[PDB]
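What follows is a short report on a single structure.
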Ligand SMILES: [Ca+2]
Ligand SMILES: [Ca+2]
């Protein structure tokens, strides 16, 4: 699975369905420009055991929450929305799943 198609209300908050299978850890990124060779921008940061959206001056209010991960329902302006799914016993064994949105 390389992409996940999900449905939500355009421009309103949406808890993203995590496509990572059992025994995989999830981390959310934007892949800049949807270009494989480009940087991955991490969307959430852990502080004192809780996760919060990184306040990028540019990204705006795209990330509504990291408890749970919640976006405004739209494609990111800066690139693709990607979750990295990492196997619980081998962090070098992972697969990235791009999330794309249909609108209701
Ligand atoms: Ca990617
Ligand atoms: Ca073993």
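In the entry's author numbering, the protein residues as written are 18 to 121. Think of the CB as a built atom: it goes at the ideal place given N, C-alpha and C, for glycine as much as any other residue.
- With 5 Å as the limit, the residues whose C-beta approaches any heavy atom of ligand 1 more closely are 48, 99, 113, in sequence along the chain.
- Using a 10 angstroms sphere on the CB of residue 26, the tally of other CB atoms stays under 16, which defines it as exposed.
- By the neighbour-count criterion, in which a residue is buried when 16 or more other Cβ atoms sit within 10 angstroms of its Cβ, residue 120 is exposed.
- The beta carbons of residue 58 and residue 95 sit closer together than 9 Å.
- At a Cβ-Cβ threshold of 9 Å, residue 60 and residue 80 count as neighbours.
- Counting the other CB atoms within 10 Å of its CB gives residue 118 a total of 16 or more, which places it among the buried residues.
- Not a single heavy atom of ligand 2 lies less than 8 Å from the C-beta of residue 110.
- Counting only residues of its own chain and dropping the five nearest sequence neighbours on each side, residue 19 has a CB closer than 7 Å to the CB of 114, 115.
- Residue 28 places its beta carbon less than 9 Å from that of residue 91.
- Cβ atoms of residue 47 and residue 97 come within 8 Å of each other, at about 7 Å.
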